[PDB]
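A single chain, nothing else alongside it, follows as structure tokens in the form deposited without this ligand.
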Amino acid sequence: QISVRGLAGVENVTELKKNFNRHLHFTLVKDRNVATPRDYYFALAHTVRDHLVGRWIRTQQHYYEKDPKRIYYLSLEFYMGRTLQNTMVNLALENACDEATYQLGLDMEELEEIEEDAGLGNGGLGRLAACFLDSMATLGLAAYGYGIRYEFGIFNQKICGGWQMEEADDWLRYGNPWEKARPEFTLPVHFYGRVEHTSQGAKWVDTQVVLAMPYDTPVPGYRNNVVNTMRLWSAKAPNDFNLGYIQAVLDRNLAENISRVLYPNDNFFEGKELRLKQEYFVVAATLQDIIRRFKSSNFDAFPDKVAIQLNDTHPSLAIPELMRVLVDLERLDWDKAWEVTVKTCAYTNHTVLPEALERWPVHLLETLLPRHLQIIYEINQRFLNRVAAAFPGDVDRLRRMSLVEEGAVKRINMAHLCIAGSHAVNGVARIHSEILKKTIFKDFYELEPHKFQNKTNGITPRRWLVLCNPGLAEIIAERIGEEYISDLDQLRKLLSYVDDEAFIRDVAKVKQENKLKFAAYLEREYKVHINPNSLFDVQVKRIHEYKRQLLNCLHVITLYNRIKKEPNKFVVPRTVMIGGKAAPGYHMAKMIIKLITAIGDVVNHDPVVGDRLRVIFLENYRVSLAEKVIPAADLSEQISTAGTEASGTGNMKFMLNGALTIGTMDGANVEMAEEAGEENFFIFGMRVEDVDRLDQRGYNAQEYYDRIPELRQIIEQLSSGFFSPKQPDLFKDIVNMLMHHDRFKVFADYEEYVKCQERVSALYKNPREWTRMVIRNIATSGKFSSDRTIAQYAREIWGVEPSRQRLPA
């Protein structure tokens, strides 16, 4: 029906229909009389997977013949979401499958809704891994995603009495048609044991064996016929394991627990052994595979044939593990193995928040990975020997830069290990990379300035434009053609349509259609009634103090209080939608969700308010909900305290999808404002420099409470039980934190935020000038393509050249 979804040829459609009926019969063992929508989804999935197989085999073949340099993206998290629509988009089958399914009397969109999200990630970091895989396939890189096949991904969020409840995300229950088990590439991973020192070097003995069984998922490039591989490891007991008899068999579960469940902390370190086991497991199995592939072509050439990218410190053990294999198994000398390791490894840092930094107790590494701790100590000694020689007498530098932290419990600083063991260290936005060089890695920067790079984050315009917003894709494609989907900088051509009446009307119609569609999705799936003519004010992201959902809450209560004070005055109507999961043990995050829903319970049932103000908590925010709500959004809330959001990627998704941003000069907000122009961005609040000035002299929240009557009222309402009549003190922890222990200076930005939110409402009253500013945003969003990001990784870190040339079909 729309051109960017591809051709529906007569043969193609006929062929899809007969393969759909073949799979319903032979694969699902159903006839049409007893098939459920879920059978129909599976038949279609199997039918689309069949178009991947030829390209997958030819691509892996082609990498064997050409033997290019291979990129290994190691991440504990791949936030993939659904695969079916994405596969159709990249193979150009979407219209043909729409037509084929329509003729069989099925609605393809209904079948798409039956696919489980692959929720093998928490948020920003995990989703960056997924966008990267898409861009590496699209840029024809010989790239492999390596991670863990968690049986349970990020938990399903139910709201119960306005409180978050967690349910196990049992995403594999009905089968995963996208994965292919490769039991024959099963590899042993070792744990515990002890080190014997012999004549012929150190030997790791009396270990417990867990098997790593790989599952391959295809990653299709955008219409280039390239299909790369995501390999995820599953933990499996060896068959001699524990082997009274019955318990031995049941205790196999202990070993398999390693790949059972994703840790649901976003920017929070928990030093749990099971987490360290997951980290070693993925590293040990992946490095054996990388080396096996390398030997099927002397380790001087290893870094010419292998790049390993570490997605944060989560796979930092890749550095000692590569040393251990090269020194203990391959018998290279220390210095040669170390050169190979540094030239192979590169480290992406994702946060500056201290509580997020991985600092593993030594006693844990001692018991679990005895040999790795020895190699870490040896790395530390040689590293501090170079610091001492470059900065003689600077003993405090030696303490600050040590991989080993002294204290009550000794800890390994995994970030320090990553910098020492990597030829390149990057942040994920220019301001973040600058903060790394000025503050937390200042000392490492001064020693090896050449290692520190910026690679500003990006999003795949395939999932985040073509797939979630076909109507916007199309009206863009009507004026400038299709080429921008793999070259997003071409969106700049839209600046010459900023005064075109037809284009202004088309941009605004698509937004209205997305809002109508989302408003309807709310009424069906969650019996809630929103005015589609309201401004859609949305904050969707994990629930964290630093992301200041609470600042948003303060604005919402301010709007409420202003309506009640002057009931009969015009206010631009808004639907305020906030959504995110809280980490299950993050008390404050769980209280913020409860406050959000408690504001809703007051605001949405006030007769005086009407449909002028609605507050909706969006339940179970995940990738597939982001594909629906982001295209429906008018205002993107990016309101982190300056210096806390390393980058953000939500900000980019919304910029691409025709929403204006209200945000701080934080993360990639800075580069977004610079691309669009500051006049096309609702910037407010402290800069990094202002927060620093507040810290030097001390943050007194009382000062703001005492000077801002509007803010005092909100705090009194919270305290006195205006929003919690049956439990008047329900929110004392929130009030108490905002008044005495606010690390994120919520009150400091309150006034500038509310004023800036008035400027938003004013622009929204003028639809034409709102839409023109939206066009200026979409048109300058090109930089924020993960294609640009990956091309920069490739040229400046991996040493490989991207390509948009097609493989043969």
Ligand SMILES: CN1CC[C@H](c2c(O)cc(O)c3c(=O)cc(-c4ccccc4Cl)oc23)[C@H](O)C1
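In case it trips you up, residue 1 is the first one in the sequence shown, and so on.
What comes next is about the form deposited with this ligand bound, which does not appear here.
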When the site C-alphas are superposed and this ligand is set in place as seen in the bound PDB entry, is this chain open or blocked (3 or more ligand atoms within 2.4 angstroms of backbone or C-beta)?
open
So which of 603, 488, 583, 435 gets a non-hydrogen atom within 4.5 Å of this ligand in the bound PDB entry?
583
The listed residue (675, 506, 98, 545) that reaches within 4.5 Å of this ligand in the bound PDB entry by any heavy atom is 545
Run the contact test on 265, 353 and 744 with a 4.5 Å heavy atom cut-off to this ligand in the bound PDB entry and return yes or no.
yes
TL;DR on 526-534, 161-169, 323-331, 265-273: the one with heavy atoms within 4.5 Å of this ligand in the bound PDB entry is 265-273
